[PDB]
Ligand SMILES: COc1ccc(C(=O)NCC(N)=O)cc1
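Below sits a lone chain in structure tokens, taken as the form deposited without the named molecule.
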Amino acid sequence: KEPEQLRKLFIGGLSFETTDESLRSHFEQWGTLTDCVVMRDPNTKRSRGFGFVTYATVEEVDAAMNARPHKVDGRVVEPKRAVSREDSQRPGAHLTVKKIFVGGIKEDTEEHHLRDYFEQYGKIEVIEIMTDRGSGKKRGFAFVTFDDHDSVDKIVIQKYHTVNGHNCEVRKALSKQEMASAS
């Protein structure tokens, strides 16, 4: 049994008329659900427009995501890997992005180093190992862009990532303005 956090998905843009029952009925098609709930306003019961579903294994979760697009109760919803409450605290933890910031890589890191670790998560479209302007000096970080935002979500939810023989920190990429607006 893998952690509950990794066996759960956030479902956004849920129809006004979706209830635990209708949600379950749709997602059980891809595996055994251990949890399924529509979040409602703790007072008016009114649906908050989002919920979560949890499967018995992450294999079943992957199957659900490969099943995209998902339409529930006639509305196109948006399934996503569940970000933990703690990580949801971080700036832009819930954005839908295709690029990741990879920090703390050794100087001699080369593109094949990044590929041998990241390719297992999805199709890579771009790889950029950053250097200093005019100096040419390596800056110790890179940006990797995928073809599916889910490749990125599957990555960031993990804690460790080994590249060029050592662990590195990986986070969703924030734009120049998002960064500055986060500090």
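One-based numbering along the sequence shown.
What comes next is about the form deposited with the named molecule bound, which does not appear here.
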Q. Does the named molecule come within 4.5 Å of any heavy atom of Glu119 in the bound PDB entry?
A. yes
**Q.** Contact label in the bound PDB entry: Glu28 to the named molecule, heavy atom within 4.5 Å
**A.** no
Q: Give a yes/no on whether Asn66 approaches the named molecule to within 4.5 Å in the bound PDB entry, heavy atoms considered.
A: yes
Q: Counting only non-hydrogen atoms and a 4.5 Å cut-off, give the residues of 146-174 close to the named molecule in the bound PDB entry.
A: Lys154
